[PDB]
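Pasting an experimental structure with its sequence.
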Amino acid sequence: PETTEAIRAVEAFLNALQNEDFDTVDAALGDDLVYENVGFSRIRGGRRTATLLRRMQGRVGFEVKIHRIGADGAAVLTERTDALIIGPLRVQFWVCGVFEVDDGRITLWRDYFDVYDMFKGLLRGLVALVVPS
Amino acid sequence: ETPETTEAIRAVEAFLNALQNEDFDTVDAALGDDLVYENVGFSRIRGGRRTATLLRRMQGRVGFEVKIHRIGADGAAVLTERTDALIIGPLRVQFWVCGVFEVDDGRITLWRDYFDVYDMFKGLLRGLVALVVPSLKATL
Amino acid sequence: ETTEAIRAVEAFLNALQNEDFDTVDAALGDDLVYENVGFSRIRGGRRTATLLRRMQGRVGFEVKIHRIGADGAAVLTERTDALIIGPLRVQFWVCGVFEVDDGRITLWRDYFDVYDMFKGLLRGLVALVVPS
Amino acid sequence: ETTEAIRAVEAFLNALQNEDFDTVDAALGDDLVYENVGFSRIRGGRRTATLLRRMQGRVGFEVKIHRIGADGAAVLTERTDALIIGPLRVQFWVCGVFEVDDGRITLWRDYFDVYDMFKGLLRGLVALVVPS
Amino acid sequence: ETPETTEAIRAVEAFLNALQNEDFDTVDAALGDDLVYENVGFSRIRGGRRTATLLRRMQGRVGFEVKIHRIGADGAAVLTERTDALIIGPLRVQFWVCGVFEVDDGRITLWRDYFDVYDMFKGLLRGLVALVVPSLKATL
Amino acid sequence: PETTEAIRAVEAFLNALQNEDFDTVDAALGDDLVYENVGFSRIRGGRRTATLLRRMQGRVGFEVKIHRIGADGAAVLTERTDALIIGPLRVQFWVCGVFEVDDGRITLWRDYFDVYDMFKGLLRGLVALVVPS
Ligand SMILES: [Ca+2]
Ligand SMILES: [Ca+2]
Ligand SMILES: [Ca+2]
Ligand SMILES: [Ca+2]
């Protein structure tokens, strides 16, 4: 089932990110990956993205929580809560991700999020840094 | 025996075309009595009828366009990658939206639209610029 | 090889008719080009497969293959197809040409005639009122 | 057998294009049924052969075969044909199905689309005025 | 290089349709200056122009129908198996004709029609009967 | 050449009649022959026609002269002068014949002629019987 397959590849990928399983991250990313944080960044190349993420371990941690996930042929859509963690600072924000997978490899990774939501997440992180809650 | 999955996708597509087309009786039929409608971070409304007549009353003041790029389902949940546009006379404001829906028995019980204020602000600036230079107006 | 390509095409067309959409998925290549000649072109096997899957319960298909031959990876068919939308049945001839690579369909090209389809429509509309 | 049937069909279609009417005669079975689907049916190989022979100098034919496969005695073709009447050239797709028995064609069934043919006509008429 | 055989057949067909259609300029172009025209056992006329204007002058008095069942050529000679009809108002007289032609350079130099007085007499009786019982009138 | 073939079969047949070559007549006639003298007679069956003609030798002779002959697919048309000969009486008259040939065999033989022309032929025959010319 090619649908189920695409879904699992995306789930395996996002779990790998969260778990710092960087060999799985490498295996999951297509050579011609385009990776967009929409309105903010674009990177081309699975390998360049894979090594960039690998080089972030120990300075920024990632959490990903997938609330909903569905497929449309080769595309997979996600509704998530993500968090960047830099030492004691935790920045949480919603993310909707769209992916394209081809033969078990991710060829498009496109994350949408809101600067207002992200800003609130930052304020909450910073406040929590002096009131651990 | 056609799966609830195909049904749910189709209900959401029918609903979004109905909004764009101003087909308010289909909008009425599409929305469950206990609808919760969220523009994430901005508004929450409860109740299909209250939302349905709110939308109906916008006719002639603000038009909507919806272009769905990708849509898929997770049981009763439906996810959507779109470009939307709000039109107020000659001003057109275009922005991306990701919507998540829940459908129960052909009726929409959750409608949750996600967007970015930055992207929206950029859409507004382009709308405003196009008011003066009709050539820079966004299109679907 | 030849028989293989023929069987893939038959299996695919029967799966369409039977609404066996996993099999439809498995039959179509990633780089499928799908044409209704003069009318539509779609690229991608996943896209085509999910488009067909999503028609279930709105349009049914029937396919009768009268003749089917092969030349290497190419398979040609002479068929009668029908589209079914509720009580409305529209029947019309189709000649389909396919290319199959490794059990997967990489080209699917259906030819038909608007005049023949128009007549099928009239007959279908008449049949709505005189079920016979 | 299979190759035999394919070669008879190719030889026949090339003979048509080349106006080699004895070969056209030799290719067609006595009990040929010849159909242009939705449009014409003629029975008899001699009748069909002399009808084609008698068009020489009034209508020319061109046939390009893109794909050709066989299933036993049946041969299917995907083609581009053209009818040529003086400076007017009308080009259109044809899918032809044939049956061959003992080197002779016993069925010749051409399928085409009126919309595609209409477009070919417009293009031909336009070309009369803008030769390009 | 299309054979004189196909040409000759076509000239004869064009000529006979021209008679039926009253297309008298094609009739004029079709008939050679030294035409000999025979209804075998009944009439001989010499000269394409004299025959052409004779035929032209029959317009509105006697109509012709021609149905060719078989036609074939022997070099410049063309043979024809037909059913003809002469129409004079409501009277229609139908009979078989075998015609032999010779064509030289697209022009008809010999036109020789064969028929049977008996068959013609039968055609006349049926014509006359059909005048009174319109249902028994011959058709092509 | 199937055209040439049909023509020759008809020529061979009409020559055979004239020459009383009755085995050739037999070979030339199809089992399902229809034989018409138009307006006058119809017979079905190659064999019945072949034997009828065979049974005429010694009482009526036939002459056939083909002026023109042509083909239209399987059909062959003829313009002829024929003559029936009964002892010293010779009856001459024009005949146009149409034939259909299938696989070298004649399946349709249809002769057209005129009773007026035939009557004149009879008078001329009878007159010649007292004035041998
Ligand atoms: Ca972790
Ligand atoms: Ca794949
Ligand atoms: Ca003799
Ligand atoms: Ca034969």
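Alright, I've got the coordinates. Residues are numbered from 1 along each chain as shown, chains lettered A, B, ... in the order given. Ligands and ions are numbered 1, 2, ... in the order given.

Break down chain A into its helices, ranges please.
Secondary structure of chain A (DSSP state H): helices at A:2-19, A:22-28, A:46-54, A:115-130.

Any idea which of those helices gets closest to chain E?
Closest to chain E of the helices of chain A is helix A:2-19 (C-beta to the nearest C-beta; 59.5 Å). Yep, even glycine has a C-beta here, placed from its N, CA and C like the rest.

returning to that earlier point: among the helices of chain A, which comes closest to residue B:78?
Closest to residue B:78 of the helices of chain A, according to C-beta to C-beta: helix A:2-19, at 14.8 Å.

Mind checking the helices of chain A for the one nearest to residue D:104?
That would be helix A:2-19 among the helices of chain A, by C-beta to C-beta, at 47.8 Å.

related to what we said a few turns ago, output the helices of chain A as TSV; include the columns mean neighbour count.
As requested, the helices of chain A are arranged in TSV below (neighbours: other C-beta atoms under 10 Å in any protein chain shown):
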stretch	mean neighbour count
helix A:2-19	18
helix A:22-28	17
helix A:46-54	16
helix A:115-130	15
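
could I get the ones you listed as TSV with distance to residue D:73?
Formatted as TSV, these follow (distance: least, C-beta to C-beta, whole Å):
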stretch	distance to residue D:73
helix A:2-19	39
helix A:22-28	53
helix A:46-54	53
helix A:115-130	70
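
Name the residues of chain A found near chain B, please.
For chain A, the contact set with chain B under C-beta under 8 Å from any C-beta of the partner chain comprises A:38-39, A:68-72, A:75-79, A:94, A:96, A:98, A:112-117, A:120.

ok, now which ones touch whichever residue of chain A sits closest to chain F?
Closest approach between chain A and chain F, counting by C-beta to the nearest C-beta: residue A:73, at 56.8 Å. Residue A:73 sits next to A:3, C:44, C:46, C:47, C:49, C:50 when contact means C-beta atoms under 8 Å, 6 or more residues apart in numbering or on different chains.

nearest residue to it other than its sequence neighbours?
Among residues not flanking residue A:73 along the chain, residue C:46 sits closest, at 3.4 Å (C-beta to C-beta, 6 or more residues apart in numbering or on different chains).

so how far is stretch A:82-92 off the chain centroid?
In this view, stretch A:82-92 has its centroid 14 Å away from the chain centroid, taken as C-alpha atoms, centre = their mean, to the nearest Å.

ok, now stretch A:103-115?
Per C-alpha atoms, centre = their mean, the displacement of stretch A:103-115 from the mean C-alpha position of its chain is 7 Å.

Quickly check: it near ligand 2 or not.
Yes. Residues of stretch A:103-115 are located near ligand 2 by C-beta under 5 Å from the ion, namely residue A:103.

outside of that stretch, which residues touch it?
Applying C-beta under 8 Å, 6+ apart, the contact partners of stretch A:103-115 are A:5, A:9-10, A:13, A:28-38, A:46, A:49, A:75, A:82, A:93-101, B:40-41, B:96, B:98, B:114-118, C:30.

go on, stretch A:57-66?
Outside stretch A:57-66, the residues that reach it (C-beta under 8 Å, 6+ apart) are A:11, A:14-15, A:17-18, A:20, A:22, A:78-86, A:92.

Name every strand pairing with the lengthiest strand in chain A and say which way it goes.
When chain A is parsed with DSSP state E, its longest strand is strand A:89-102. Here strand A:89-102 is paired, per DSSP bridges, with strand A:75-86 (antiparallel), strand A:105-112 (antiparallel).

and the angle for the last one with helix A:46-54?
Orientation check (axes from the mean of the first three to the mean of the last three C-alpha atoms, to 10 degrees): strand A:105-112 against helix A:46-54 gives 60 degrees.

and strand A:105-112 with helix A:2-19, angle?
Going by the same axes, to 10 degrees, strand A:105-112 makes 70 degrees with helix A:2-19.

With just CA atoms, put strand A:105-112 into CSV.
In CSV, the C-alpha atoms belonging to strand A:105-112 read as follows (Å, rounded to 0.1, in the frame of the first residue of the first chain):
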residue,chain,number,x,y,z
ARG,A,105,12.5,8.8,0.3
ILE,A,106,11.3,12.4,1.1
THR,A,107,11.7,14.7,-1.9
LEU,A,108,9.7,17.7,-0.5
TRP,A,109,9.6,18.9,3.1
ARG,A,110,7.6,22.0,3.6
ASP,A,111,6.7,23.4,7.0
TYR,A,112,4.2,26.1,7.6
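
Residue A:103 and chain B: what is the separation?
For residue A:103, the distance to chain B (C-beta to the nearest C-beta, to the nearest Å) stands at 19 Å.

same thing with residue A:132?
With C-beta to the nearest C-beta as the criterion, residue A:132 and chain B are 25 Å apart.

With residue A:42 instead?
15 Å.

and residue A:50, what is it in contact with?
A:22, A:25, A:26, A:29.

In a markdown table, list the residues you listed along with distance to ligand 4.
Shown next, in a markdown table, are those (distance: C-beta to the ion, whole Å):
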| residue | distance to ligand 4 |
| --- | --- |
| A:22 | 79 |
| A:25 | 76 |
| A:26 | 74 |
| A:29 | 70 |
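
hang on, the earlier thing: need the strands paired with strand A:89-102 in CSV with mean neighbour count, can you?
Formatted as CSV, the strands paired with strand A:89-102 follow (neighbours: other C-beta under 10 Å):
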stretch, mean neighbour count
strand A:75-86, 20
strand A:105-112, 20
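
Taking chain A, what residue is nearest to chain C?
Closest point on chain A to chain C, by C-beta to the nearest C-beta, is residue A:73, at 3.4 Å.

Quick check: phi and psi at that residue.
In terms of degrees, to the nearest 10, the main-chain angles of residue A:73 are phi 60, psi -110.

Quick check: the gap between it and chain E.
57 Å.

Over to residue A:97?
Distance from residue A:97 to chain E, by C-beta to the nearest C-beta: 71 Å.

Next, count neighbours for the residue of chain A found nearest ligand 2.
Nearest residue of chain A to ligand 2: residue A:103, at 4.4 Å (C-beta to the ion). Residues near residue A:103, counting by other C-beta atoms under 10 Å in any protein chain shown, number 11.

and what of residue A:93?
That count, for residue A:93 with other C-beta under 10 Å as the rule, works out to 21.

Hmm, residue A:95 is touching residue A:83, no?
No. Between residue A:95 and residue A:83 there is no contact under C-beta atoms under 8 Å: 9.8 Å.

Run through the residues that contact residue A:38.
A:110, A:111, A:112, A:113, B:96, B:116, B:119.

How about the second one: which residues does it bridge to?
Going by DSSP bridges, residue A:111 is paired in beta bridges with residue A:37, residue A:97.

who's in contact with the residue of chain A found nearest ligand 4?
Closest to ligand 4 within chain A is residue A:2: 56.5 Å, counting by C-beta to the ion. Taking C-beta under 8 Å, 6+ apart as the criterion, residue A:2 is in contact with A:74, C:25, C:26, C:46, C:49.

farthest pair in these?
Most distant of those, by C-beta to C-beta, are A:74 and C:26, 14.6 Å apart.

Up against ligand 2, what does chain A have?
Counting by C-beta under 5 Å from the ion, the residues of chain A near ligand 2 are residue A:103.
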